[PDB]
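The next block holds one structure in the form of structure tokens; read it before the comments.
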Amino acid sequence: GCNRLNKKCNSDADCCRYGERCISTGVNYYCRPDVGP
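In this text, residue positions in the sequence shown follow the authors' numbering: the first is 1, and each later residue adds one.
This is how it looks when you write it as structure tokens:
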């Protein structure tokens, strides 16, 4: 239950750490989906 995906994050802490995580989309870090469970 997390949906801050495709938003820019300063860190993992800006979004969920499970299901979401900050990956680099090139220039900036966005919260990208992780499979989670």
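For each residue, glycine too, the CB sits at the ideal point set by N, CA and C.
Counting along the chain, no beta strand (DSSP E) covers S11, and no H or E run does either. Note on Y18: under 16 other CB atoms within 10 angstroms of its CB, so exposed under the neighbour-count rule. Scanning its chain for C-beta atoms nearer than 6 angstroms, with the 5 sequence neighbours on each side dropped, one finds around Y29 the residues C9 and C22, in chain order.
DSSP places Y29 in the uninterrupted beta strand (DSSP E) bounded by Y29 to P33.
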